[PDB]
């Protein structure tokens, strides 16, 4: 029987997902104009166009964040990775939700992620590249952050600050976690043998 642990203990899927999330985050930041367009250069990934920042500290921040996400994926401790767009008052305006499920057993009847990784992931990238045509216009001056929704059961005897790979993370507060009954915009869903992933956007109502 083929199991998730058979693919290098979850490291393959964690490495593929962090590669993907880096590119997807960059593209979100471009199309939503979180940063000036001049920092992004055109590249290819998954044989499709992508737009990637050349700003060193932005780049390193995104890599550092994903460095912390990688072990959480390897231990199967991630339900969602969310790119949260915050307005100038620091309130969430929009959320790009990457909903990730890694079952312990491979799904038999589903497409092979590893034989078809470019085509499968490209689909998500192409949707992001044109999403501005289905979303509302963000107010000026938005910023972003990244929320990781884990599988760990919460337990009220808990320290807000959690250090991962020497970077301090925090339990996310009401100011970010809460959107007032948002509108859900589906972008893309995939079910493959190893990985189920859904991308959708939450927009403030």
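Numbering follows the first chain given and starts at 1.
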| property | result |
| --- | --- |
| 64 to 72 versus 151 to 159 - which carries the larger mean C-alpha B factor in the record | 151 to 159 |
| 163 to 171 or 22 to 30, whichever carries the higher mean Cα B-factor | 163 to 171 |
| From 56, 141, 49, 38, residue of greatest CA B-factor | 141 |
| Selection by C-alpha B-factor (highest) of 91, 80, 127, 95 | 91 |
| Entry-reported Cα temperature factor of residue 8, expressed as the chain third it lands in | lowest |
| Chain third (lowest, middle, highest) by recorded CA B-factor, residue given as residue 121 | middle |
| Third of the chain, ranked by Cα B-factor, where residue 17 sits | lowest |
| For residue 99, the third of its chain into which the C-alpha B factor falls | lowest |
| Third of chain Cα B-factors occupied by residue 85 | lowest |
